[PDB]
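Below: the structure, in structure tokens.
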Amino acid sequence: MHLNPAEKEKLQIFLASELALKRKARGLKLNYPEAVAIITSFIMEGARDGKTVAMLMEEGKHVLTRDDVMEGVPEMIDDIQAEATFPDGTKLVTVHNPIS
Amino acid sequence: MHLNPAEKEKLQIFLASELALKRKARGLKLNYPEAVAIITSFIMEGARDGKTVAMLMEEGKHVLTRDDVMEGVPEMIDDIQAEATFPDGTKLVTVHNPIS
Amino acid sequence: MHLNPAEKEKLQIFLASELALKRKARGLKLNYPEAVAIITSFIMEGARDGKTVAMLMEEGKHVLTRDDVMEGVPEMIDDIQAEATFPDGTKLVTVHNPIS
Amino acid sequence: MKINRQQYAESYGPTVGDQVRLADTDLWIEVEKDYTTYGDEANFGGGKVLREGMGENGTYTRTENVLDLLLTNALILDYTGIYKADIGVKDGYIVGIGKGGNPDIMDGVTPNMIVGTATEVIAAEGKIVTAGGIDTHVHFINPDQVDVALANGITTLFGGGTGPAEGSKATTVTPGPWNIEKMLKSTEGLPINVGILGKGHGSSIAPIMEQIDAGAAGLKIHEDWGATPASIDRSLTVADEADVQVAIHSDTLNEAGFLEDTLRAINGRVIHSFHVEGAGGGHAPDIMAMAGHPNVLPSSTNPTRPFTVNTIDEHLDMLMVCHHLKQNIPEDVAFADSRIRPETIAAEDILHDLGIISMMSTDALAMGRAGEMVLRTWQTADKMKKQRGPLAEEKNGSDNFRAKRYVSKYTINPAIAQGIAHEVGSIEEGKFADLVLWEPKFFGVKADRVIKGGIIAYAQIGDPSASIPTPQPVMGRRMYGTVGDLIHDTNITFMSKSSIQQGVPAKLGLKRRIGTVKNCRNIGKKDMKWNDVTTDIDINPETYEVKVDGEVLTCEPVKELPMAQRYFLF
Amino acid sequence: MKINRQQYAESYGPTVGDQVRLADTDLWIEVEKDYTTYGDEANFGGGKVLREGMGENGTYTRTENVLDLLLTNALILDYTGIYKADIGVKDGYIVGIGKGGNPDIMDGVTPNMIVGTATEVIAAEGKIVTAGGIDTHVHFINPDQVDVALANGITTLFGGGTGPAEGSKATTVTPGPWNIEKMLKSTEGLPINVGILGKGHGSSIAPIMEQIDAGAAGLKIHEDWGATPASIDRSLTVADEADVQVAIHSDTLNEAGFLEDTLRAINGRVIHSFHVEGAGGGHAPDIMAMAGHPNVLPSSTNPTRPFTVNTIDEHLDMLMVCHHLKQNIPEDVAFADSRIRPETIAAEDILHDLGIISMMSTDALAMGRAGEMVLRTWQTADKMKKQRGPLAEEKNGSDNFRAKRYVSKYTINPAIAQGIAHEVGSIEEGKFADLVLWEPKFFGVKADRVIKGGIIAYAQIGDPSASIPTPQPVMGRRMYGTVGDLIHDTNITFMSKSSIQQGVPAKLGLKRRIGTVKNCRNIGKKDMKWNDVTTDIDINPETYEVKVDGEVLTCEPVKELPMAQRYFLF
Amino acid sequence: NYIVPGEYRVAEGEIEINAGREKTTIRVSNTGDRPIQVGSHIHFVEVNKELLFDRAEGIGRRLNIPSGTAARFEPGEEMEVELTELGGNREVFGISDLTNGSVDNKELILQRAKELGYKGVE
Ligand code: NI
Ligand code: NI
Ligand code: NI
Ligand code: NI
């Protein structure tokens, strides 16, 4: 596979997102790291899909809403940042105030 | 996400449980680490769900039965212990003789 | 669980394969590490199922075809090798030219 | 020109009279004073103030009043106060708390806090800064426990052990000169301050004392090695000669005596009573009465902190594993059960709130959680505010008195108890620069950056391949202070005066900073900051009811805590 | 008062006459003798025996017959016996095997096994304790291979390599003075004992000998560097002068000679024949005949161990990668195919069972598995019991003779072969305290705790954040023996006498314990414990059939092994 | 046929502890209000002062119970226990500092016990 350090690390984010999605599916309000993991994995999968940075900057605001998360979580998350390999190489996506 | 060392480690348990559950679903009798992973992940998800320690001490005895596992596995597992964040903080669950 | 170093590492391969399978399921042509992960995890799960080394040497050539992967990926993968615990202990499976 | 307060606080952190919520608790801390000069605040970045000829002085060499490091705009939470200041570090020590910058052009610059060519900057605006936690009940069982501790803001580990040997899995003991030497050498690779306790057991002086001369920083008396009148007596005789502290885990079984017999053996000498409530060990049921005495420095371990609905149910199996007991031996189970009591655990919450138990500690990996000393301190304070109300001593609707009482339990008080407060345990000028930055939303839960001897040792930081350090995954990671030989200069091995005089560091090739243990024998409960209360504690032998000043101390367990499921992935 | 046997064994481990199953095999070991005094068994914990004035002596200083460490109630499995004893360790060495405690009050205490103030305790009741494995066929290819080895109970790595360079990926060789110096320096950070082999190739003495003087502990003759009569001869001349061992991988191709030519070049001198069956290399098809000769110390590598239904199919591609061969070169494939033979692999099982092959080894990362030497030894023994029956020498229905024969293959025999058995390779008084604890259910599969020089270096242990060390995830982890400078005192670098005399350790700044290689040239097959059989081995050049004493040695491959899918996650 | 990995097959018979040593049965009362538990290897005369028994009969002896076990006395509880003789050099040091030498010095041990208020000395 020739995994580099970031590829190994970022597997963790996907895993944490899968965990969090299972928790959401059984009806739990998500906590801070769960919410961050879901939105982060969404961004990295979006890059893999070939979306643009600009698309993901706006989609990232609609992945989770306040009723999906515990009290105070929306206000704890000022932004989420992730880098992934787009068709045009690695780029940074910053999603400001992802959960209103 | 602000993952601490235990949060990183415990992702592995969830992953191993998912692996083991796929193996069970395709009809395999589970081995020692598979059985331990499934019961352990069950406990940690139970804590996340807001069950009590006492509930999990008894539920943990009914997750897998001897027909789910290979010969000798029930006798290899004297107990399974796991710590997770309950609504009232980290607590230890010990399940004695989880597979009869 | 008593995980040894290889058991910990090889969890990663399963995880990467799950990631890659999700990407395939949503219609993406797979890349080099994705293709390797899928075929590798297939081999290790096959060993767990109790297949022989010889069976997996030939099945490994039929897991992914060239239309499943990006241009050039078939030619990038000369072989895939994996070791797993068969019913008769650890063995090495080598799949030559897994994607024609 | 005037700045409204919301905008001021957003830019520079809070100032006088502003309050900040601690994590998701209902505890509020209020800024008591601010050392700045409004308009001359230090800050660093593109077009900011700390630039040559401006807020950075371009004239002075490093020796001329210039800092190695300035933490700008810190909200300090410490036994000494809750207040706003810049913190100046030099030669690995805190040298100034006040106002940093350039006397060329700024008013009110503390004279030894010049930002010069030699000065690094850490922005602490919007952060709470505390001293590093001092954990004095550490079992050295698994090296992976160090990062666990760092992640919750602990910077000093005092205790004992040789790894996962049964003696160490039960007791904070590194026994004898050889094991002590081996663990001093191991310590060279641990990125945290360390002091090692010898076995406080024997009936002759020499076998105990030779541990001190070998490099131990103290002793542990533990019932699993025989917490007899003789072992107690000899250990305290050694400690009084050597000027080191003794920790005690007393005779739960009451085999050779009851509590009063242990106190008679102590004979008014100074001692640190571990897990004073007693689930973690001690004369059943009444050990917690130790915490009323003037010669006792009392600490709790953390799994009883605070009293919750699940607390009791986890303890029996925990205890049986730690102390190598067998479920099929009825007296083993009876011994274990005798240590677990809701009555004393409930009272322990209140005794903390009253300043009668002076310290917190972990009991890492031997009935305690390496990364939850700080966490559970604040959960306890929060529960007590909910159940008891604001303390009478509070003003302005703030919880500053309670916050000072509680922060002292895991910073200054353990340092004083151990004879190391000249080096560590508080944010004061002249002390080692072990500092923890916290985002208020994560306060007491997950540390932002842990500074050890003036260099960052541990941080919550993201993708090392990214364009900036903030992208995911953000996790706790060891920083440059832990790498190469820098691990030697950023950490202290605390040792007895005798071992230092006898040249043990040179003999073993120790390269770490060497700290001297001293002034351990001339202190008492009166010296525990904000937690100095002596009183008669009565524990009913039939009902386990705890009384102080004729009043039963009890409270309810809670079903939920803050600093819990909002934060943790597992 | 009497205790029934089931309850006795549950509390203290088994005693005389009791049997224990090895993992999930059908091998049973029986306790032959027990050094205890019934009623005075040592044990540690709350209210237990090893307490001051009781089972722990409170009088004696560390020098006065007191131990640094007592392993209580060990079931020892060793070439010297299968028996029950306490094991006493001091200064990193095994100093007593017998009965530990306090002569004040206990009967039958071994005089130098006093539990005192200085003594740590490891509870070995219910554990099997063996010597650390001695792997003498290690390719140093990937540092991650060390933990793999530790996890299966290996504590000494002898071999060569500089990392994943093709020379090292094929051969156990660290070539020349500079590469040897570099790898001796690397070794300072490897938490395992090490000895390094130079290149056993040349036609002049000086280029070979200068490797020995540089710090090599032996030589490797390998066909990939030319296993010619000259290289064989010069290497053995060097070895005879230097008192180090030579390992040989002979000329598979029969290019410069057949087996008889290699034996003539050896000329009766001592040599260690690697992978003597020959899949791993050597004169095709008859190399295994080496194992009949009195001057040959024969080892197997592990992928042929034991003969299973999948064994052949994995080998061709494995061999081609290791030896840098090309699938499109017909003679490369012919060479590879010539080394792989069910006839010799089947006979190799039997030759092990008969004591004709004396040693096991890995061939780590170059046609062998770093963490499966111990594993595959016991799988082989189990297969042989199933197919051949209990050995004639057995009694009481136990498999003690077979167990001693097989444990010797990876402990004492490789140590003797290498000239290091004065330090390592068995549980005997005066040897280095490299000890492996095993739960019987995991015996030979996953080690519980690996002790190196008297300190735990590796352990299967759980959550470092937990209240106790047993909660999940339980995995193999490096312990305090590997941290800081303690890695120097808990491990041995084995070196030639000449390099030691010439001050190589000081020249390179080596801080590890330095072990001397000696008494390598004055031994033979007769010195291989429980595996000392010499005989004429005939290998049919047409059919590859192996004969000993006129009988064809053959057996069937098995479809399943114990110590396999019950245990492993992958 | 069923395989329990690592299982024991213990031999027949029973293990006699403290074989060949004199045994003595005595009555002991916990006169205190908190429980007292006594381990197998503590010099019996040196136990908690509030245990009432004939102290002389505890000299040079310990409980005749399996190594690592204990006898538990609840508050007010009187029970009969069996003692065995100490072995080895028959010396005791430390613990309650009643002996610090040979257990043969009965008079000295009892004098110290009486002076310090250990219940049950003549
Ligand atoms: Ni304790
Ligand atoms: Ni403790
Ligand atoms: Ni070879
Ligand atoms: Ni090799």
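Read the numbers this way: they start at 1 and go in the same order the structure lists the ligands and their atoms. Values reported hereafter were calculated over all heavy atoms of this structure, with side chains retained and with hydrogens, waters and symmetry mates removed. Chain letters run A, B, ... following the sequence lines, proteins first and then strands; every chain starts at 1.
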**Message:** My understanding is that only residues two or more places apart in sequence, or in another chain, count here; which of them pass ring-ring contact (aromatic ring centres under 6.0 Å, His included) with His139(E)?
**Reply:** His137(E)

**Prompt:** Are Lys199(D) and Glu120(E) close enough for a salt bridge, meaning some N to O gap below 4.0 Å?
**Reply:** no

**Prompt:** Among all residues two or more places apart in sequence or in another chain, which pass the side-chain contact (heavy atoms from CB on, under 4.5 Å) test with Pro464(E)?
**Reply:** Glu9(B), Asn142(D), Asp144(D), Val148(D), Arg477(E)

**Prompt:** Does a side chain donor of either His283(E) or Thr252(E) reach within less than 3.5 Å of an acceptor in the other side chain?
**Reply:** no

**Partner residues of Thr90(C) under the side-chain contact (heavy atoms from CB on, under 4.5 Å) criterion, sequence neighbours left out** = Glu83(C), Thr85(C), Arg369(E), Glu372(E), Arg376(E)

**Prompt:** How about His323(D) and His249(D): are their ring centres within less than 6.0 Å of each other?
**Reply:** yes

**Asked** Excluding waters, which protein N, O or S atoms are within less than 2.8 Å of the Ni ion (ligand 4)?
**Response** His137(E) NE2, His139(E) NE2, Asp363(E) OD1

